[PDB]
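Below: the structure, in structure tokens.
Cβ placement follows ideal geometry from the backbone for every residue including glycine, while neighbour counts extend to all protein chains displayed. Just so you know, all these numbers are worked out from the coordinates, no wet-lab data involved.
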Amino acid sequence: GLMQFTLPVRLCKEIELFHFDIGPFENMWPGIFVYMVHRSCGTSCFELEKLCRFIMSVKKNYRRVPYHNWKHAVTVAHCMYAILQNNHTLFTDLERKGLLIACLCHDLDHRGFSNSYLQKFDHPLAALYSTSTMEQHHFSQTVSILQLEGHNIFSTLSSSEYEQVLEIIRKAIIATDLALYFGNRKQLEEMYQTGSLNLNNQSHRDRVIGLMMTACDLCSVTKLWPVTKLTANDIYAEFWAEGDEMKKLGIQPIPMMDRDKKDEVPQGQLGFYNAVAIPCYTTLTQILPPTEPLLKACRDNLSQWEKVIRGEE
Ligand SMILES: Cc1nc2ccccc2nc1CC[C@H]1CCN(c2ccccn2)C1
Ligand SMILES: [Mg+2]
Ligand SMILES: [Zn+2]
């Protein structure tokens with residue numbers, strides 16, 4: 001009850017900033033998350049014992065893959081924390097609860113393979129869930145963990161509030177399927193620019209949370225350049241393993257997954273900054289002005305990839 005989490009001074013200051021890196025000390029990441037729930041949501045939001053047990057079961061159900069791992073979960077939850085803390089009054093009590101949990105759970109039990117590889121492999125998950133295959137599985141794994149004995153962090157919510165929170169989490173997790181991002185952002189762009197965007201309209205709120213979820217998920221592109229560059233190595237370590245698995249099914253992978261085409265990474269990152277990242281943070285900044293530092297940091301990293309192409313690194 002009277003038991004705050006406190007971080008060392010550098011972390012207590014830097015954790016408030018969008019570009020914070022949670023560091024390489026895995027044993028501190030639960031503490032960093034509880035810290036973020038307590039300041040974001042309240043010390044009263046969750047029973048500490050239940051929250052701690054939930055967090056450690058979530059950790060156990062992330063695998064030792066190079067990128068879609070526990071560190072990614074916590075990283076994506078911190079970007080959400082920074083967005084919530086910079087937009088105090090725009091979000092409901094239930095959204096503040098749901099969204100940090102959604103972020104921590106959003107890639108539960110990821111294997112390091114795309115939806116497209118599961119479909120080509122004919123994985124059982126591709127028969128159970130025909131679109132957003134991994135994302136329906138992540139939501140399914142989240143409900144499983146919520147139902148383990150002593151793991152119900154939502155136990156004090158009413159039946160209908162509990163249903164609303166699980167519905168915020170489900171949509172937030174589905175929204176991380178980048179195939180859905182393009183259309184979501186076009187609609188948000190048209191709504192904002194024809195002045196029809198209405199944050200009292202639930203279906204609008206849903207779109208805006210989806211875009212937040214894309215922004216938090218891609219937040220590697222919003223770090224200081226040395227973090228961006230070293231995270232890129234983990235991202236490609238996954239993609240190139242999938243490429244290898246595609247070649248074992250007798251399928252030429254796309255170039256982003258082909259290790260024979262490493263030379264094309266700089267230009268491939270550029271396309272991605274221009275086609276996905278910059279548009280994402282631009283629309284997010286229009287809807288939520290205090291998220292502008294995410295857009296500024298992405299533009300800084302775009303210019304760093306331009307420098308790599310020009311042989312100045
Ligand atoms: C899909 C993706 N998600 C990210 C999320 C966070 C940070 C960086 C990310 N980079 C990518 C890869 C973009 C792709 C677009 C094509 N591209 C290529 C193409 C050829 C060779 C290498 N990369 C890379
Ligand atoms: Mg995912
Ligand atoms: Zn993710």
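Numbers for the structure displayed
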read-out	value
All positions within region 1-21 that are more than 26 Å from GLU292 (Cα to Cα) and either of a type in the set (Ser, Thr, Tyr) or in a helix (DSSP H, G or I) (or both)	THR6
Answer residue from region 145-166, given it is part of a loop (DSSP other than H, G, I, E, B) and surrounded by 14 or more Cβ atoms within 10 Å (Cβ to Cβ) and is farthest from ligand 2 (Cβ to nearest atom) among those	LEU157
Residue in region 37-45 that is within 26 Å of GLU149 (Cβ to Cβ) and under 17 Å from the mean Cα position of the chain (by Cα) present	yes
Residue that is touching a residue at least 40 places away in the same chain (Cβ under 8 Å), assigned to a helix (DSSP H, G or I) and either charged (D, E, K, R) or within 14 Å of ligand 3 (Cβ to nearest atom) (or both), where the choices are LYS59, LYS71	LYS71
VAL221 being among the hydrophobic types (A, V, I, L, M, F, W, C), near ligand 1 (Cβ under 10 Å from one of its atoms) and on the phi < 0 side of the Ramachandran plot	yes
Condition met for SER40 (crowded, with 18+ Cβ neighbours inside 10 Å, within 23 Å of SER155 (Cα to Cα), more than 16 Å from ligand 1 (Cβ to nearest atom) and small (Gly, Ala, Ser))	yes
Residue, farthest from ligand 3 (Cβ to nearest atom), within region 118-135, restricted to residues that are under 13 Å from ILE174 (Cβ atoms) and buried (at least 19 other Cβ atoms within 10 Å of the Cβ)	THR133
Residues satisfying the stated conditions in region 252-265, i.e. touching a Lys or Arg at 6+ places or on another chain (Cβ under 9 Å) and either among the hydrophobic types (A, V, I, L, M, F, W, C) or near ligand 1 (Cβ under 9 Å from one of its atoms) (or both)	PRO255, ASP258
Residues within region 106-144 that are under 19 Å from the mean Cα position of the chain (by Cα) and assigned to a helix (DSSP H, G or I), tallied	12
Sole exception among (1) over 21 Å from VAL58 (Cβ atoms); (2) touching a residue at least 12 places away in the same chain (Cβ under 8 Å) for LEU166, by number	(1)
Residues of region 22-33 that turn out to be buried (at least 17 other Cβ atoms within 10 Å of the Cβ) and either more than 16 Å from ligand 3 (Cβ to nearest atom) or not in a loop (DSSP other than H, G, I, E, B) (or both), as a count	4
Hits in region 34-56 - residues which are part of a helix (DSSP H, G or I) and of a type in the set (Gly, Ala, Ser)	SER40
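To keep it simple, each residue is scored yes or no on (1) within 16 Å of ligand 1 (Cβ to nearest atom); (2) assigned to a helix (DSSP H, G or I).
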| position | (1), (2) |
| --- | --- |
| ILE173 | no, yes |
| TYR192 | no, yes |
| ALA241 | yes, yes |
| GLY250 | no, no |
